[PDB]
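Remarks on the structure that follows.
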Amino acid sequence: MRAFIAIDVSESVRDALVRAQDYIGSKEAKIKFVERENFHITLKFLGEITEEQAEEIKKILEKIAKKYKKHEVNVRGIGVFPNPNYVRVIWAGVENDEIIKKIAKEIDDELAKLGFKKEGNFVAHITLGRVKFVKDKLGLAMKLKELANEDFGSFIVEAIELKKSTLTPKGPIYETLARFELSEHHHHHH
């Protein structure tokens, strides 16, 4: 029941991150990238939850997402950890996401009562993949510098999407729990 609310990343972005990955590849370095429809920006991590609480979180969102507006941010820049010289976890960085920052904290601050952890400092990042083993060093940096400014795109956070994650012996499972779509359903016919 690894619930977690994220922000839909229109193709503009989704495809963006992919463009960078394709250029990277796991030729020399071993990096297990994440699914395309899994690059959703984690707004607020909840983790384990009860079928009874699952409803609580929703209520809060219905209010918070109602007290906030839809700002226009941009996704650019990528950071590594623990440090460049030694990259172990690849993650992207979002531009001025103040609005998304004050919100992430507000959503948690409340969850603290329902029995959740409080995240003092919020950081909007998106893990692309973890590094297992690599032989070519230069490549790592040579790229980090290229994809360091490579613009991915921008968008506006209007509606919110709540997905769930559950790891199993057969593989990682992903199921939706809550979806707040501002615009009426059947917006565009695919």
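Along the chain as shown, residues are numbered 1 onward.
Just so you know, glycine gets a Cβ as well, placed from its N, Cα and C.
Long-range neighbours of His40 (active site, proton donor) (same chain, six or more residues apart, CB within less than 8 Å of its CB): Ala6, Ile7, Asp8, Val9, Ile126, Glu161, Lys163. Under the heading active site, proton donor, Swiss-Prot lists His40.
Here the motif 'HXTX 1' (40-43) has Cβ contacts under 8 Å with residues 4-9, 94, 100, 103-104, 107, 124-126, 160-161, 163 of the same chain, all six or more residues outside its ends. If you look up Swiss-Prot, you'll see 40-43 marked as motif 'HXTX 1', on the strength of sequence analysis.
Annotation source Swiss-Prot lists active site, proton acceptor at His125. Cβ environment of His125 (active site, proton acceptor): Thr42, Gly79, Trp91, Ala92, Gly93, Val94 lie under 8 Å away, each six or more residues apart in the same chain.
If you look up Swiss-Prot, you'll see 125-128 marked as motif 'HXTX 2'. For the motif 'HXTX 2' (125-128), same-chain residues at least 6 beyond its ends with a Cβ under 8 Å from one of its own Cβ atoms are 17, 21, 31, 33-34, 39-42, 78-79, 89-94.
For 185-190, the entry in the PDB entry reads expression tag. Residues of the same chain that lie 6+ residues outside the expression tag (185-190) never bring a C-beta to less than 8 angstroms of a C-beta in it.
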Ask   = Reduced to three states, what secondary structure does DSSP give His40 (active site, proton donor)?
value = coil
Task = Work out, from DSSP, the number of helix, strand and coil residues along the expression tag (185-190).
result = 0 helix, 0 strand, 6 coil
Message = Under DSSP, is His125 (active site, proton acceptor) part of a helix or a strand, or is it coil?
response = strand
